[PDB]
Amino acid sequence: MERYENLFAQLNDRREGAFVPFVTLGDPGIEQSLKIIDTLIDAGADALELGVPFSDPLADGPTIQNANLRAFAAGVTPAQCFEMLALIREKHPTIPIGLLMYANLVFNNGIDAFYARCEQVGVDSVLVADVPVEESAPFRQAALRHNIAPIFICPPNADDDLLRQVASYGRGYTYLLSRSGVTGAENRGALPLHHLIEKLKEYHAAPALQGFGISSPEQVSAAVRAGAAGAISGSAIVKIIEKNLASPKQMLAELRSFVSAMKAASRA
């Protein structure tokens, strides 16, 4: 499929950016996570980034570490994550769905088999957080064989060689990292680096989504204004889940309110 390509063309025509929330699949349980995801979509999410729980998530700060832990406490497995993904796709046929994976979960029972499972449930992209472009060959090859976009990271201090590689190897979107460090809402990044955005466009890279530390509508607007195609917010969303565990109605109301405001900021 061409779900990202279709989304970005629609957004370009409307002259707006994408807002893409991240959550951990199965946090705080399967049923509540499915409701959370439906609420994110209803409130205006253009695309989703969805984490599969992993025992040792090394690009993640405490907020998302604790989301992983809640999902495990609910007994969430990768198999159950694929069942969820199938159910999400069956309800929402056009929204791009990206997975945030750690390498061992992809490598585990065979890389090719992992990407084949992604294709069957209708996933659009996979970002493997601990596989740099230098180690990416078997991952990106399997992804393309199964019509999945392999997502690559453009860090703030990317040199020219890396920009060229990310532009050639990636598809769907390019992940524009706001800052060094791990995920977290309280650690706000730099203003999207114009030179990186401009070079990625010069090399015909997939459109850039800025992520890490984006927790406010002002940061979303700033990203689109700088020429990025949109922004991803994770920890800020997960904080609303964590805050409202005993109050599911209030959780969804606050999620809706935040997502709506973040989306409005993408308009931009």
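The numbering used is simple: start at 1 and walk along the sequence shown. Between two forms, the rigid core is defined as the largest C-alpha subset superposing within 1.5 Å.
Greater average departure of CA atoms from the shown form, over structures and residues in 8 other deposited structures of this protein after a core fit, characterises 101 to 109 among 84 to 92 and 101 to 109. Between stretches 52 to 60 and 207 to 215, greater average Cα displacement in 8 other deposited structures of this protein relative to the shown form, fitted by the core, falls on 52 to 60. Modelled in this chain, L176 is likewise resolved in all the other entries of the protein that span it on both sides, not missing from even a third of them. Modelled in this chain, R188 is nonetheless unresolved in at least one third of the other entries of the protein that span it on both sides.
Of the two segments, 247 to 255 and 16 to 24, the one listed with the higher mean B-factor is 247 to 255 (C-alpha atoms only). For the pair 197 to 205 and 233 to 241, the record assigns the higher mean C-alpha temperature factor to 197 to 205.
When the C-alpha B-factors of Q141, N187, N104, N147 are read from the PDB record, the largest value belongs to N187. Taking the deposited Cα B-factors for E83, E119, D161, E134, the highest one is held by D161. The PDB entry assigns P93 a C-alpha temperature factor belonging to the middle third of its chain's modelled residues. When all modelled residues of the chain are sorted by CA temperature factor, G213 is found within the middle third. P156: CA B factor in the highest third of modelled residues in this chain (values from the PDB entry). Ranked by C-alpha B-factor against the other modelled residues of its chain, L50 falls in the lowest third. Remark: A59 belongs to the lowest third of its chain, ranked by C-alpha B-factor as recorded.
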